Structures are given as C-alpha cells and as structure tokens.
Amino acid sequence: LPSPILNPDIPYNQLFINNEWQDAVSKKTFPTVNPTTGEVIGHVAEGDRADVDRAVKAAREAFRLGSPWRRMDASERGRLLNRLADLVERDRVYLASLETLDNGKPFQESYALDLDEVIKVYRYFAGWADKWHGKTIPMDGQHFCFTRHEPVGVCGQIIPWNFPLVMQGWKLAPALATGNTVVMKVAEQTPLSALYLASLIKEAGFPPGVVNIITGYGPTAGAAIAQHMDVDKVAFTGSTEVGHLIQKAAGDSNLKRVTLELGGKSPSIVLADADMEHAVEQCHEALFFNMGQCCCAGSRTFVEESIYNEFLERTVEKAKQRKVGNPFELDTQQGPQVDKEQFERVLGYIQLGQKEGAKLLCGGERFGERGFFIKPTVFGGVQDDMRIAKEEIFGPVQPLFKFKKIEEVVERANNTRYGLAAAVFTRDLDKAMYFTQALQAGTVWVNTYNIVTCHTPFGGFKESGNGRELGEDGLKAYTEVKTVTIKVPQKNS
C-alpha cells in the first residue's frame, strides 16, 4: 500500500567486483528498456568472459583458507545476512519501484509479494548459517568419525528476469549462509535491481569478493561462468533448453557441481467436488500471476466433465475482468510482458493455438499500442498433442482441458518431460492424498497454488531441474561434505 517512486534515481549501472563499481574491460555498455513504454531507461556495463575472470579471481581470493570470510563465525555470516534483510526493508519502496520500472510487474506485486519474500529468504537463511550441522558417526573399529559441512567454494549463479530480486535471493542467501563466495550473472533484461542490492551487500559489511555481480548476455557472460575452470559450482535458473548446455559445460570444463532450476508446464487439476469459486480464482492466478511469466505457473488447467462448462465460463469472465495497465497504478493486475521478443513469442503462440484448432475464448491480441501489453487470453477445448499444450508459452494464455477419470488425468498431467509443479482442487481426503503421491512434480499443491516460501524446498522432476532450492534441503547443493576419520586408542559407546 505505500506509493512508489515514479522516477527513481539509478546510481548503480556498473559491474560489482571485489566491492568496487567497475566498467567492463571492453568499456562496452548495453541498454535496458522499460517494457511499459518501450523506451530506454539507461545503460549498464556489458560484462564478457574477461570480466567474469576478474570476478572469479576475486571470489577465489575471498574463499581462500584463512580469509576473513572463511574465518568468521558462522553466526557472523548470519548477522550479515540479517543486516542485508534490514537494509532491503529500509529501501523496500525504492527496490520494488526499480523492479517495476525494469521488469514491468505490478508495483503491488513487486512491493507486497516480491520484496516481502526477498526480505524473508535473507532472514530465513541468516538463521541457517550457524545451524547446518554435520555428523559424528559410530563407525566400525577404533575410530572417531565425523563430517564437516564445508562450503563448496566459488559458486557461479545464473538467474532469469521474471523475479529479479527474488531469484537473486534464492541463490545468494543459502550460498552465503553456508560460507561460499559468489559470481552472479543477472538477466540482460533486468540488470538494475540486483545492482542496487549489491550496494546493500557492501553497506551490510560483507568482505570484498564474497559477492560479485556481472551484467551481460547469456552466451558471453554466463557461458563464461558455466565454462570456467576455477568455478566450483554453477547454480542455474532458466530455460530447460539452456539447462542442457549448462550440464554439458560442466562436463566440458572441470566437473563443477550443478544445480538446475528449469522450465515447466505445470498442471492444476480441479475435481468435481472442489469449491468452484475458489478453484476458478486459484487456477486463474495460477497462470496469470506475473503476467504468465512464473516458472511454476499453472499453465495447463485440467477440469472434470461435470463442472467444465461452468468453470470455463467463470474463467473467461475472470480473464476479461483482470486489470491491465501501467504497473505503477495500485490496482493494475497485469503489467506488460518483459520485452519485444517475449511479447511476439506469446502472440506467436496465440496464433499457433488457433491454427492448431484450439478455441479462442477471449483476448488473443495486443492490448493498446504502446509497450508490450497483451490481453488476458483463454483457450477452450485444448488437446494434449497441441504445441500450446506441450511447450512453455510463458505468457497470459490459459488453456483449459477436460477429463473424466482420475487414472486418465494423472497420465495426461505426467505425460511431459516437465515436472516443476502441480496442483489439485478437491474436498475429498483420499483423492488429495492419492494425487500427492501420483503427480510427478517437485511441488504438489492441494487447494492452493504458488505457495513457495523460504521454508519450502523447490525444484523439478525430470527436465524441470536437478536439485532443490529453499528450505533446509536447499543447503545440500552449497555443501561439500568432508569425512574426517581419526584412529583412537580405545572406542567406547
């Protein structure tokens, strides 16, 4: 509910390396475009391989035995994370406003959702810093055996544009809690907010080199991180397509540890006994949240025969009702899509939907004639074999599906190489308990959707990812287990 800053000052537009604001070696820059107007907000440094090298070198120095970062109490890593949270909260209006400027998401979402979870993810992992225990192990023989939960080391972190601050949090927070150093490559489309955050990292007191931020393109900077021979781990969030190239690059370089957080085509499933009104609203936001550009979006809405006409009819009405407009307006629900390419990609899929024989129920075209706005779009009578049913559209397009039986809707929902998330809406206990086992997805929701918090481990089955972020389970990926085994004069229980 506070009011935003409509023309924020953007002091930070350079590379953040070893706590110093820095131009690319090449001195090159590249523009970021405000998607609500189509106009150039400003220019940021265009980092390439040579800048990744400087960043990796600094993060390596910060990770070396006896560095300040390695020697500080685990609890001091906690306090630093906690202070960062406090700084984010202090500058919450600014940060959420900058997010809306650069990303285009509504300011209500940006302030009340994104920034809130950013603050929480930093606070949450602040708490884990000194509670991530190893084991003492009653092994055979005259031994004292235990494990250390050491950091894995220099982590390369690559994130997308859909939730810039949140995706940065998800990566930085657990990596820092566990004592790693970071070289992070943020999306080309949304470089600004992450840079203001790096100023807060400096203000918070993190040693130089522990966090380094690189703005630039994916195939240049990013491939440089994935391919780098002195990066111990890459944590990648992005398209399934690019995921394939990251795991390859790891095998091609130095066998760096890999976590992948990838695409999805997540099914919401409404049984006939569900609270209709609630299921229609949840499935509606399941897809339309963040202008359809959420990775775990409910992008296939499956609906039982007995209730499909009513469900369809109310869903259409909700799409038509959703406020589209300037995201700085408090009641805007859908901002523009992120850029020209994403915008045309989505209109292309709308066109494709119709060519394939899917029934267009509303929208289906540009909204207005400035920026990259698209009318909320719903498709009826979609079938499993259609391109719009199999591929990640990543936009405000809701395809509806009809089903009769439980066995059928399980098979159809799981018949995909994706497996990021899934949801069921039902009043019945046994049905809900069965769906939680049957659906092949990293997160299964019951009578809700998109409830991903700092506490909840999150990741794909199959080609939606490899490994888990958030919660206690999110720490494993940032941990290199060492087993210490010591000969003792006598063992006793």
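One-based numbering along the sequence shown.
When the two stretches 440-448 and 36-44 are set side by side, the higher mean Cα temperature factor goes to 36-44. Mean C-alpha B-factor is higher over 350-358 than over the other stretch, the pair under comparison being 179-187 and 350-358. Annotation for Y124, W132, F367, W170: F367 ranks highest, by Cα B-factor. When the C-alpha B-factors of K233, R77, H149, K318 are ranked from the entry, the top spot goes to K318. Residue-level temperature factors show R468 in the lowest third of its chain, judged at the C-alpha atom. Among the modelled residues of the chain, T456 sits in the lowest third by CA temperature factor in this PDB entry. When the CA B factors of the chain's modelled residues are split into thirds, the value for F425 lands in the middle one. Ranked against the other modelled residues of its chain, the C-alpha B-factor of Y111 as given in the entry falls in the middle third. In this PDB entry, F288 carries a Cα temperature factor that places it within the lowest third of its chain's modelled residues.
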